[PDB]
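Comments concern the structure below.
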Amino acid sequence: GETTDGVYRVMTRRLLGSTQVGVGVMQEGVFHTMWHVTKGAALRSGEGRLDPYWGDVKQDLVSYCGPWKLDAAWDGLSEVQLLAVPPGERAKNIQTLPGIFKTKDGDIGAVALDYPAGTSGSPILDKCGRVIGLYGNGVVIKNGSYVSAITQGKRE
Amino acid sequence: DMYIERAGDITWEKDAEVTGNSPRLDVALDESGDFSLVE
Ligand SMILES: Cc1nc(-c2ccc(C)c3ncccc23)c[nH]1
């Protein structure tokens, strides 16, 4: 299959037409997405097959063909770009200064950008173009708007 | 079957659209991986 580094759409034909269920990142031969996108199911790339390798429903992350590769982190200071890939529209970089998810276990970056659920898995990047997390698991605020965690895995 | 299609390179793009705020939010994470507002 297509193993080229970059951002990808995740599609299904299980509904009407072809429907975009989410997005992911190919890096070092590994596909990274959010667990709620695939539910751990295998994926096609042409006539090539991608099998899950690693996942955790709590982190809401899953990796295909290998272990989680993405180990960059928000520095807690600088702005970032959501490389948003919405259903039926072109990849578009959107720059923002993360807010904070304050949890009993620690502080997490959060990005206040609203997009259709099919955008889940779009990468978040630092000034050097490194993926510091994935967009699409978070919360609905006072306003009715959506705030996402910057969800990052652990590299071993 | 779900399938993947490439949508672009992973690149910082200088002079991109700058938007969204930066809220500090009190949240809880459940065993099912769903965030919620602690208040
Ligand atoms: C069932 C489920 N839907 C999501 C979800 C992901 C991403 C975005 C941008 C969303 N926006 C509004 C509502 C839900 C969203 C998480 N889990």
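Note on naming: chains are A, B, ... as they come in the structure tokens, residues start from 1 per chain, ligands start from 1 in the order shown.
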Review point. If we count only C-alpha atoms, what is near residue 19 in chain B at a cut-off of 8 Å, once residues fewer than 5 positions away on the same chain are taken out, given as an NGL selection string?
Key: :A and (94-96 or 113)
Go ahead and save the residues from that selection, with N, CA, C and O atoms, as a PDB file, in the first residue's frame.
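The result, stored in out_39.pdb:
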```
ATOM      1  N   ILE A  94      -4.530  25.856  10.498  1.00  0.00           N
ATOM      2  CA  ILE A  94      -5.233  26.893  11.295  1.00  0.00           C
ATOM      3  C   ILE A  94      -4.404  27.111  12.526  1.00  0.00           C
ATOM      4  O   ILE A  94      -4.249  26.135  13.338  1.00  0.00           O
ATOM      5  N   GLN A  95      -3.918  28.308  12.725  1.00  0.00           N
ATOM      6  CA  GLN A  95      -2.969  28.579  13.812  1.00  0.00           C
ATOM      7  C   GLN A  95      -3.727  29.127  15.016  1.00  0.00           C
ATOM      8  O   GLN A  95      -4.750  29.859  14.810  1.00  0.00           O
ATOM      9  N   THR A  96      -3.270  28.717  16.223  1.00  0.00           N
ATOM     10  CA  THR A  96      -3.958  29.004  17.502  1.00  0.00           C
ATOM     11  C   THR A  96      -2.969  28.822  18.673  1.00  0.00           C
ATOM     12  O   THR A  96      -1.908  28.064  18.532  1.00  0.00           O
ATOM     13  N   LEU A 113     -11.137  24.888  18.519  1.00  0.00           N
ATOM     14  CA  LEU A 113     -11.495  24.996  17.091  1.00  0.00           C
ATOM     15  C   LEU A 113     -12.603  23.986  16.853  1.00  0.00           C
ATOM     16  O   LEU A 113     -12.500  22.855  17.357  1.00  0.00           O
TER      17      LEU A 113
END
```
Practice item. Using only C-alpha atoms and all ligand atoms, find each residue with an atom at most 9 Å away from ligand 1 and format the answer as an MDAnalysis selection string. Key: (chainID A and resid 22 36:37 113:121 135:140 145:148) or (chainID B and resid 34)
Revision key, fill the gap. Pairwise distance, CA of residue 30 in chain A with CA of residue 81 in chain A, equals 21.8 Å
Check your understanding: Could you list, as a PyMOL selection string, every residue of chain A that has an atom within 6 Å of an atom of chain B, counting only C-alpha atoms?
Key -> chain A and resi 6-12+43-45+57-58+60+94-96+98-103+112-113+129+138-139
Atoms kept (N, CA and C atoms) for selection, written as a CSV table (one decimal), in the first residue's frame:
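Output file out-v6.csv is given in full below:
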```
chain,number,residue,atom,x,y,z
A,6,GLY,N,2.8,11.7,6.0
A,6,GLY,CA,1.7,12.6,5.8
A,6,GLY,C,0.4,12.4,6.5
A,7,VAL,N,-0.6,13.2,6.2
A,7,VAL,CA,-1.9,13.2,6.8
A,7,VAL,C,-2.9,12.5,5.8
A,8,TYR,N,-3.8,11.7,6.3
A,8,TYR,CA,-4.7,10.8,5.5
A,8,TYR,C,-6.1,11.0,5.9
A,9,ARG,N,-7.1,10.8,5.0
A,9,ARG,CA,-8.5,10.6,5.4
A,9,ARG,C,-8.7,9.2,5.6
A,10,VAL,N,-9.6,8.9,6.6
A,10,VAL,CA,-10.2,7.6,6.9
A,10,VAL,C,-11.6,7.6,6.5
A,11,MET,N,-12.0,6.7,5.5
A,11,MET,CA,-13.3,6.6,4.8
A,11,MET,C,-14.0,5.3,5.1
A,12,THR,N,-15.3,5.3,5.0
A,12,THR,CA,-16.2,4.1,5.0
A,12,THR,C,-17.2,4.1,3.9
A,43,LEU,N,-7.7,-1.5,8.3
A,43,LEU,CA,-7.9,-0.5,7.2
A,43,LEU,C,-7.3,-1.0,5.9
A,44,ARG,N,-7.8,-0.5,4.8
A,44,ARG,CA,-7.2,-0.7,3.4
A,44,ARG,C,-6.4,0.5,3.0
A,45,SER,N,-5.3,0.3,2.3
A,45,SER,CA,-4.6,1.3,1.5
A,45,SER,C,-4.3,0.8,0.1
A,57,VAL,N,-8.4,2.6,24.6
A,57,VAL,CA,-9.7,3.4,24.6
A,57,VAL,C,-9.6,4.6,25.6
A,58,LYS,N,-8.8,4.5,26.6
A,58,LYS,CA,-8.8,5.6,27.6
A,58,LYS,C,-8.0,6.8,27.0
A,60,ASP,N,-7.7,7.2,23.9
A,60,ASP,CA,-8.4,7.3,22.7
A,60,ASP,C,-7.4,7.3,21.5
A,94,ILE,N,-4.5,25.9,10.5
A,94,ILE,CA,-5.2,26.9,11.3
A,94,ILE,C,-4.4,27.1,12.5
A,95,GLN,N,-3.9,28.3,12.7
A,95,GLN,CA,-3.0,28.6,13.8
A,95,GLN,C,-3.7,29.1,15.0
A,96,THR,N,-3.3,28.7,16.2
A,96,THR,CA,-4.0,29.0,17.5
A,96,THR,C,-3.0,28.8,18.7
A,98,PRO,N,-3.0,27.2,22.2
A,98,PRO,CA,-3.7,26.3,23.1
A,98,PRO,C,-4.1,26.9,24.4
A,99,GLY,N,-5.3,26.5,24.8
A,99,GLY,CA,-5.8,26.6,26.2
A,99,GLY,C,-5.3,25.3,27.0
A,100,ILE,N,-5.9,25.0,28.1
A,100,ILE,CA,-5.5,24.0,29.1
A,100,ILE,C,-6.7,23.2,29.5
A,101,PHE,N,-6.6,21.8,29.5
A,101,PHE,CA,-7.5,20.9,30.3
A,101,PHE,C,-6.8,20.7,31.6
A,102,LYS,N,-7.3,21.2,32.7
A,102,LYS,CA,-6.9,20.9,34.1
A,102,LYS,C,-7.6,19.6,34.6
A,103,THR,N,-6.8,18.6,34.8
A,103,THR,CA,-7.3,17.3,35.3
A,103,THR,C,-6.6,16.9,36.6
A,112,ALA,N,-9.3,25.2,20.9
A,112,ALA,CA,-10.7,25.7,20.8
A,112,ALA,C,-11.0,25.9,19.3
A,113,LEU,N,-11.1,24.9,18.5
A,113,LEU,CA,-11.5,25.0,17.1
A,113,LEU,C,-12.6,24.0,16.9
A,129,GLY,N,7.3,21.8,12.5
A,129,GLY,CA,6.5,20.8,11.8
A,129,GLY,C,6.4,19.4,12.4
A,138,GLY,N,-12.4,15.7,23.2
A,138,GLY,CA,-12.5,16.8,24.2
A,138,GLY,C,-13.9,17.0,24.6
A,139,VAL,N,-14.4,18.2,24.7
A,139,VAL,CA,-15.5,18.7,25.5
A,139,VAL,C,-16.2,19.8,24.8
```
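When only C-alpha atoms are used to measure the gap to residue 84 in chain A, the shortest distance among A:128, A:42, A:23, A:72 belongs to A:23.
Remark: for residue 39 in chain B, the closest of the candidate residues A:141, A:61, A:68, A:80 is A:141 (distances computed over only C-alpha atoms).
In this structure, CA of residue 104 in chain A sits 22.9 Å away from CA of residue 55 in chain A.
We find CA of residue 13 in chain A and CA of residue 47 in chain A to be spaced 15.8 Å apart.
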